[PDB]
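Engineer: Each residue of the sequence shown is one higher than the last, beginning at 96 in full-length UniProt numbering.
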Amino acid sequence: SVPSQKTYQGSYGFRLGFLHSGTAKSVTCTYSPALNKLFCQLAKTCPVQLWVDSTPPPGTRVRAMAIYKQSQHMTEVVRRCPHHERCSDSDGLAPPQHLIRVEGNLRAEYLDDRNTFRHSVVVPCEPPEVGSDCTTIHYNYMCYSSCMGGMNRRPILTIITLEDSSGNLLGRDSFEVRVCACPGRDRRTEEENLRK
Ligand SMILES: CCn1c2ccc(C[NH2+]C)cc2c2ccc(-c3cnoc3)cc21
Ligand SMILES: [Zn+2]
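Next comes the structure, spelled out in structure tokens:
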């Protein structure tokens, strides 16, 4: 099966937000609103903001999962490639097979679904720090889009779901991801292709 990617704000008005990082050659993570696409370097911090219009209950959680974007590949589990799953870059918590990690959150939990075999990472939903308007999760993507035997140049989506304590759906948002060596140049190139 294929997890839903339908945008759903739900009762709490859940949606993502992204910083405005620009497209300089040196940028390590940059988001294109026109493409709804995040471009990032391998294993580098990707800040993703969480926004709600009203406060969700204690025990609400936030899950991230990757799927292939193209219909002919969406049934295949997105995982790290045969090299990266063996490179012993573990953070002590993420299984080495998982593409998506959460950085710097000791409460992150990693799921291998017993039925679909898909990977996901889930954290408690926390309120913004005093003085802030939103909460930020720091994600890492642990393979390049081009990795042979893994993503192998196939585009992926990240689906972020807001869930209750049982795992029921409260909200959903999503964005395409390209993990690449030069996110700034690739964002500029793909945005110009879209314009042309
Ligand atoms: C999704 C993260 N988030 C927000 C993001 C933006 C804004 C709006 N600021 C102007 C408010 C919240 C907010 C309020 C409460 C909680 C909460 C309580 N208990 O668990 C989670 C989580 C919250
Ligand atoms: Zn890889």
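C-beta atoms are modelled at their ideal positions from N, C-alpha and C, and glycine is treated no differently.
So what's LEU289 in DSSP terms, helix, strand or just coil?
Structural biologist: Within the sequence shown, the letter at position 194 stands for residue 289. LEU289 falls in the helix class under three-state DSSP.
Engineer: Under the rule that 16 or more other beta-carbon atoms within 10 Å means buried, what is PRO151, buried or exposed?
Structural biologist: The residue you call residue 151 lines up with position 56 of the sequence shown. Buried, by the Cβ-count rule.
Engineer: Taking only runs that begin and end inside the UniProt region "Required for interaction with FBXO42" (113 to 236), name each unbroken alpha helix (DSSP H) of 4 or more residues, in chain order.
Structural biologist: None, since the UniProt region "Required for interaction with FBXO42" (113 to 236) contains no complete alpha helix (DSSP H) of that length.
Engineer: Going by C-alpha distance, which of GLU224, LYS132, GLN100 is nearest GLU286?
Structural biologist: For this step, residue 286 is matched to residue 191 along the sequence shown. Minimum Cα distance to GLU286 is reached at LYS132.
Engineer: If you measure from the CB of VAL197, is any heavy atom of ligand 1 nearer than 7 Å?
Structural biologist: Your numbering for residue 197 matches position 102 in the sequence shown. For ligand 1, not one heavy atom lies less than 7 Å from the Cβ of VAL197.
Engineer: Shorter than 7 Å, the distance from the beta carbon of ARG175 to the closest heavy atom of ligand 2, or not?
Structural biologist: What you label residue 175 is simply residue 80 of the sequence shown in a count that begins at 1. Under cutoff, so the answer is yes.
Engineer: Rounded to a whole number of angstroms, what is the C-alpha to C-alpha distance between residue 83 and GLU180?
Structural biologist: For the chain, the structure presents residues 96 to 291; residue 83 sits outside this window and is missing.
Engineer: Assign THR102 to one of three DSSP states: helix, strand, or coil.
Structural biologist: Counting from one through the sequence shown, the residue named residue 102 turns up at place 7. Residue state, collapsed to three classes: coil.
Engineer: Apart from the five residues just before and just after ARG174, which ones in its own chain have a Cβ nearer than 6 Å to its Cβ?
Structural biologist: As a position in the sequence shown, residue 174 is number 79, starting the count at 1. For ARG174, where only same-chain residues beyond five positions count, the Cβ hits under 6 Å are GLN192.
Engineer: Cβ of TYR239 versus every heavy atom of ligand 2: is any distance shorter than 7 Å?
Structural biologist: Position 144 of the sequence shown, counted from the first residue, corresponds to residue 239. Yes.
Engineer: Does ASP259 come out as helix, strand or coil in the three-state DSSP assignment?
Structural biologist: By 1-based counting over the sequence shown, the position of residue 259 is 164. It is coil, neither helix nor strand.
Engineer: In whole angstroms, what is the alpha-carbon distance linking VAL217 and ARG249?
Structural biologist: Within the sequence shown, the letter at position 122 stands for residue 217. Within the sequence shown, the letter at position 154 stands for residue 249. Distance between the alpha carbons of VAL217 and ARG249 is about 24 Å.
Engineer: Comparing alpha-carbon positions, which option in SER127, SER227, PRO219 lies nearest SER260?
Structural biologist: The residue given as residue 260 occupies position 165 in the sequence shown. Out of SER127, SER227, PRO219, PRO219 has the C-alpha closest to the C-alpha of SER260.
Engineer: Leaving out the 5 sequence neighbours to the left and right, which residues in its chain are closer than 7 Å to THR118 when beta-carbon positions are compared?
Structural biologist: Numbered from 1 along the sequence shown, position 23 holds the residue referred to as residue 118. Same-chain partners within the cutoff: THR125, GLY279, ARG282, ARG283.
Engineer: Have a look at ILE162 and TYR236 and give me their C-alpha separation to the nearest angstrom.
Structural biologist: Within the sequence shown, residue 162 is the residue found at index 67, counting from 1. Within the sequence shown, residue 236 is the residue found at index 141, counting from 1. In a straight line, the C-alpha of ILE162 is about 13 Å away from that of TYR236.
Engineer: Please classify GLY266: does DSSP put it in a helix, a strand, or coil?
Structural biologist: Locating residue 266 in the sequence shown gives position 171, counting from the first residue. Here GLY266 sits in strand by DSSP.
Engineer: Spatial neighbours of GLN100 within its chain, please: CB distance less than 8 Å, with the 5 preceding and 5 following residues excluded, ordered by chain position.
Structural biologist: For the purposes of this step, residue 100 is taken as residue 5 along the sequence shown, with counting starting at 1. These residues qualify, in order along the chain: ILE162, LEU252, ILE254, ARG267, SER269.
Engineer: For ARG282, name the three-state secondary structure that DSSP assigns.
Structural biologist: Within the sequence shown, residue 282 is the residue found at index 187, counting from 1. If DSSP states are grouped into helix, strand and coil, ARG282 belongs with the helices.
Engineer: Compare the beta carbon distance of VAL147 and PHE109 with 8 Å and say whether it is the shorter of the two.
Structural biologist: Translated into the one-based positions of the sequence shown, residue 147 becomes position 52. Translated into the one-based positions of the sequence shown, residue 109 becomes position 14. Contact: yes.
Engineer: Distance check for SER166 and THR231, CA to CA, integer angstroms please.
Structural biologist: Translated into the one-based positions of the sequence shown, residue 231 becomes position 136. Translated into the one-based positions of the sequence shown, residue 166 becomes position 71. Looking at the two C-alpha atoms, the distance is approximately 31 Å.
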